[PDB]
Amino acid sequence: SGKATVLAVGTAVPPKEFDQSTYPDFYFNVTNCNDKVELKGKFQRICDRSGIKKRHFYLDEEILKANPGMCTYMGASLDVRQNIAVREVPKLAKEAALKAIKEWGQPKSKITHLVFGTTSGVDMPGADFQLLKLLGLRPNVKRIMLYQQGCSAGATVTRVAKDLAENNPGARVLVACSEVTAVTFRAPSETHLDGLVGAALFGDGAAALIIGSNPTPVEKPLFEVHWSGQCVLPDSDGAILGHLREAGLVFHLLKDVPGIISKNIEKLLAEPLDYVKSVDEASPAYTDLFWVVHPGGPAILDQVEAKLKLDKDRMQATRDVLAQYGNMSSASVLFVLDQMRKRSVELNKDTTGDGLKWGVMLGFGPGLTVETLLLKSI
């Protein structure tokens, strides 16, 4: 009743596909690191257990050859990374946005708010402004531009949109997350082994939603957002650091993120399940919920699945996104939301959430920060 509702989802990826099985060959070739045979072997093994079949990239051999700073480990390179990301991030968002707007079916003049998330470059005016212009939205659309957010921002932009939609009668919020690995790509190094993780997992993509309260008869609800929270997990300081430098964006991984999340997930879920108890007067098991999880990597999914004793199918929508697109940072969990709905059609589910009533949407990022949302299916 009046809850923020997802009315549409659209997604977009760069056209060029890179098969994960042969990515180590491409990567070590273009960075001129073929002499590092033991490192390449390590990287091949990481790629082989990544759960990824392919990723999509704007970057290719020609672009990297034209910008050799990007093929170094820590050579000066921010200016060319910015040139690419400032241009390509809004363009990829536009493609996702148009697909969401088509599904929604209303004129784009009815969009009142725009929330844009990215970790891929920064500019003034921001990507939100560029998207507003590219789409021809009204000049008085209220924008929130979330830069440098990291992997939790897909969930963050949904949390932000919830309050926009619920507190403003008639509001229709365009949410967009768009990520391009131009700012993080770099040569592999024996001195930066944690960098191999990002190099194996991160891919490009954008996703867009329309969110609003009080759907009209011609709108078609997909999910309702009933509860949202954000929290810093205990004993996680410095788990993920991301520094924007003259060499681009560099990540440092100093703790066991899968373990930390798994250790704390039951605690995380107590408040939203308490809310369900309030509304239903029942306590579902974790495996009675559907799951829309940031596909950060296979270990997080496996360990959460094990911790919460989920039926193997519960993580399938998330694993499917990982398989086809990899980890697209902020956009990823919105791809999972779309995949959840898509599988409900193809597998003839009773609801948009795997035939179940309540669902958990999870994003995580530097902090270590977890974003948790409680969804209801339609």
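So that there is no doubt, residue numbering starts at 1 and follows the sequence shown.
Looking only at CA atoms, which has the higher mean B factor in the entry: 190 to 198 or 236 to 244?
Per the PDB entry, the higher value belongs to 190 to 198.
As stated in the PDB record, which stretch has the larger average Cα B-factor, 169 to 177 or 296 to 304?
Comparing 169 to 177 with 296 to 304, the higher mean C-alpha B-factor belongs to 296 to 304.
Considering only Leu209, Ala206, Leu269, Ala161, which residue's Cα atom bears the greatest B-factor as recorded?
Highest C-alpha B-factor among the listed residues goes to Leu269.
So among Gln324, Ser330, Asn67, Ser344, who wins on Cα B-factor in the entry?
Within the set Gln324, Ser330, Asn67, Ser344, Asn67 shows the top C-alpha B-factor.
So where's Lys277 on the chain's Cα temperature factor ranking, which third?
Within its chain, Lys277 is a highest-third residue by C-alpha B-factor, going by the deposited values.
Relative to the other modelled residues in the chain, which third contains the C-alpha temperature factor of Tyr73: lowest, middle or highest?
Answer is middle: the recorded C-alpha B-factor places it there.
Comparing against every modelled residue in the chain, figure out the third that the C-alpha B-factor of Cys33 lands in (lowest, middle or highest).
For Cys33, the deposited C-alpha B-factor lands in the highest third.
How does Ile265 rank on Cα B-factor within its chain, lowest, middle or highest third?
As the PDB entry reports it, the C-alpha B-factor of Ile265 lands in the highest third of its chain.
Ranked by Cα temperature factor within the chain, is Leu254 in the lowest third, the middle third or the highest third?
For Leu254, whose C-alpha B-factor we compare with every modelled residue in the chain, the answer is the highest third.
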